[PDB]
Every structure is written in structure tokens, then in C-alpha cells.
S.K.: 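I am attaching a structure below and will ask some questions about it afterwards.
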Amino acid sequence: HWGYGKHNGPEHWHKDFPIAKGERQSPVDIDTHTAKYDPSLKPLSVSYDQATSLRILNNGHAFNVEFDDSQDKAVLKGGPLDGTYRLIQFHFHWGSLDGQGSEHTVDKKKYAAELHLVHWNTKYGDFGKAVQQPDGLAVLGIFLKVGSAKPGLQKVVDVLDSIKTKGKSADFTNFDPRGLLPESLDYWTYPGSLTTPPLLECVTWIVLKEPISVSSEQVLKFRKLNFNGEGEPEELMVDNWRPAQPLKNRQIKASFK
Ligand SMILES: NS(=O)(=O)c1ccc(NC(=O)C[C@]23C[C@H]4C[C@H](C[C@H](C4)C2)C3)cc1
Ligand SMILES: [Zn+2]
């Protein structure tokens, strides 16, 4: 099956998932000088005060913090979006070294990691339906650089010992995802895709301009996770990122100048 190794990594994905070579694939490089300021872009509306986290899961590719998305509890609105998008999960992609790990790049610059807060358009009823629509998902992407610790990340870091291997999950209630946001909500936006198989072209990407900082110890703990299941040979979960894909017939818009 697919993964991030030499023999099953991003260069191989197109054989099982031909959409890998499609017209709106993610991630992309964000060329800041070519991005277009769009003065009609609305401020983002992040409403996470009623967020209900449930569980954290190692799925063999990353770890997901899952939320109750059966009511409008944590929602994203505004920006380039019309309608209401419910938070279903967040996860990260990260590197084996501080100089790589993000999926999006900014003027070819790679960050140490990238956080994805995944939301789906409530007009489609459930997540499985939403991924089949060109405006089905909105993913809020946030870059991580190594520097000071991010206090709101620590509870996530603390529980990783409990989900070291593929298929492990742990209860993860009462987590506040607002503690993962930077100060500014200035963003770039473009139409794209899931960045792992099935690579469906269903995502409005909203990538924040301001990275958050996390400590060396925090990212080091990400790198102690395993891609493998318990009792299988140990493969460190690092470099679980897809490289930038061609922009093709797309323009990246900026909410700021
Ligand atoms: N990195 S990213 O934010 O772009 C991202 C987000 C999410 C996924 N995958 C999933 O949620 C799993 C899932 C498996 C099948 C097929 C679809 C729909 C349903 C049933 C859920 C996808 C992959 C990448
Ligand atoms: Zn992701």
C-alpha cells in the first residue's frame, strides 16, 4: 500500500491514484510575489469555542485528533468560503530534520512541520459525501517553525507515548484547538486536493501567513512515533509530507498586502 518510503512514496502514488497528476493537486509552493491580493476576500471566521475533541489516533501515516462533528460545534466560515464548514480532525506533517516537513512551501522555503485543521461543508451531510465535491472541504494550514514552545500543543505532545504505533488510539477529550493558532489570521487561498491518497480534488486550502513556533523537544516527540504497528519492525514516523505539486491553471489569492 501507499506510504512515504522509496518504494511506496509520492512518486508512486499516481499508479493507484491517477488523480495525483490532476489539475488541482496539493500542496503547492506559494510564491509570495505572484500571489494576488484580493480586497474582496472576507476575514476568516474561526469559531472553536464549543469544540468537542474525542480521541487521538495513530493511523499509520500521521496522528489525528478527532472531533464531534455531528453538530455545529467548531466551525470555519468566511474567507473565500460560502456556508459552514465543521471541524472533523486535525493532524500534522513533519520532517526528520528541522529544515523540512511542511507540505506547502513559501518562496520554496520549507517549515519544520505543517498543521492541518480539516473541515467539511455541512450542506453535503457527511464527510464521505463532502470529499466527492469540489467545494466539499476546507483545510486550514498552519506552518510550524522550531523556536519557543507552543503551550497549547503540549497536551498533544504528552499523549503521543500512548499512540506510538499504527492503530493505537487514546481518549483525548476537552482539548482546545484555539491554542494552536497564531495571532494573525492573514491567509493565502487556492483550490486544491487532499495531500495523501485518495488525493481527491475537494479542498479549499486556506494557509495562514504567520507560522506558530514549537520547541525542539516538541517536534522531537513527533519523530518518536512509528509508521508501523506494534510487533512489526520499527520505522520512525518522519517525513510524512508530499512535496509541492505544479500550480497549473490556478492563482493563489492573498487576504492581505
Ligand atoms: N493532508 S489533508 O489534510 O489534505 C488530508 C485530510 C484527510 C485525508 N483522508 C481522510 O480523511 C480519510 C478518508 C478515507 C476514505 C476516503 C476519504 C473519505 C473518507 C473515507 C475519509 C478519505 C487525507 C488527507
Ligand atoms: Zn494533512
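Numbers for residues simply follow the sequence, beginning at 1. Every number for a ligand or one of its atoms is a count from 1 in the order of the listing.
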S.K.: What protein heavy atom sits nearest atom 3 (O) of ligand 1, and how far away is it?
M.R.: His91 CE1, 3.3 Å
S.K.: Establish, yes or no, whether the cationic atom of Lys209 lies under 6.0 Å from the six-membered ring centre of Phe256 and within 45° of the ring axis.
M.R.: yes
S.K.: Tell me whether the rings of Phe63 and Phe92 are parallel (<30°), tilted (30 to 60°) or perpendicular (>60°).
M.R.: tilted
S.K.: Regarding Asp98 and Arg223, does a basic nitrogen lie under 4.0 Å from an acidic carboxylate oxygen?
M.R.: yes
S.K.: Could you check whether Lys109 makes a cation-pi contact with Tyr111, meaning its NZ or CZ is under 6.0 Å from the centre of the six-membered ring and within 45° of the ring axis?
M.R.: yes
S.K.: Tell me: protein heavy atom nearest atom 4 (O) of ligand 1, and distance?
M.R.: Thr195 N, 3.0 Å
S.K.: Are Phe175 and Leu54 connected in a single hydrophobic cluster, I mean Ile/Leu/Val/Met/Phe/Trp/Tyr linked by side-chain heavy atoms less than 4.5 Å apart?
M.R.: no
S.K.: So what does the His93 NE2 - the Zn ion (ligand 2) - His91 NE2 angle come to, to 10°?
M.R.: 100°
S.K.: Counting only heavy atoms closer than 4.0 Å, does ligand 1 sit against the backbone of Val118, its side chain, both, or neither?
M.R.: side chain
S.K.: Strictly inside 4.0 angstrom of atom 23 (C) of ligand 1, do you find any protein heavy atom?
M.R.: yes
S.K.: Is at least one protein non-hydrogen atom found at under 4.0 angstrom from atom 9 (N) of ligand 1?
M.R.: no
S.K.: Check each atom of ligand 1 against the heavy atoms of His93 and keep those under 4.0 Å away; list them by number with element.
M.R.: 1 (N)
S.K.: List ligand 1 atoms under 4.0 Å from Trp205, heavy atoms only on the residue side.
M.R.: 4 (O)
S.K.: Which of the N/O/S atoms in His116 sits closest to the Zn ion (ligand 2)?
M.R.: ND1
S.K.: Going by a strict under-4.0 Å cutoff (protein heavy atoms only), does atom 18 (C) of ligand 1 have a neighbour on the protein?
M.R.: yes
S.K.: Would a hydrophobic clustering, with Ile, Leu, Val, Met, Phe, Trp and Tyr connected at side-chain separations under 4.5 Å, put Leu181 with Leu81?
M.R.: yes
S.K.: Looking at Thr196, which atoms of ligand 1 are within less than 4.0 Å of one of its heavy atoms?
M.R.: 23 (C), 24 (C)
S.K.: Is it the side chain, the backbone, both or neither of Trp120 that has a heavy atom closer than 4.0 Å to ligand 1?
M.R.: neither
S.K.: Can you give me the closest heavy-atom contact between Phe67 and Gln89, atom names plus distance?
M.R.: CD1-CA, 4.1 Å
S.K.: State, without any angle test, whether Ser193 and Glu201 hold a side-chain donor-acceptor pair at a distance under 3.5 Å.
M.R.: no
S.K.: Need the ligand 1 atom indices (1-based, order shown) with element for anything under 4.0 Å from a heavy-atom of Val131.
M.R.: 18 (C)
S.K.: If you round to the nearest 0.5 Å, how far is NE2 of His119 from CG of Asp69?
M.R.: 11.0 Å
S.K.: Among all protein heavy atoms, pick out the one at the shortest distance from atom 21 (C) of ligand 1; state its residue, atom name and that distance to 0.1 Å.
M.R.: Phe127 CE2, 3.5 Å
S.K.: For atom 16 (C) of ligand 1, what is the closest protein heavy atom, and at what distance to 0.1 Å?
M.R.: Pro198 CG, 4.1 Å
S.K.: Is it true that a side-chain atom of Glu232 and a backbone atom of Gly229 form a donor plus acceptor pair closer than 3.5 Å?
M.R.: yes
S.K.: Which label fits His91 and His116: parallel for a plane angle under 30°, tilted from 30 to 60°, or perpendicular past 60°?
M.R.: perpendicular
S.K.: Less than 4.0 Å from atom 14 (C) of ligand 1, is there any heavy atom belonging to the protein?
M.R.: no
S.K.: Considering distance alone, does some N or O of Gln89 sit under 3.5 Å from an N or O of ligand 1?
M.R.: no
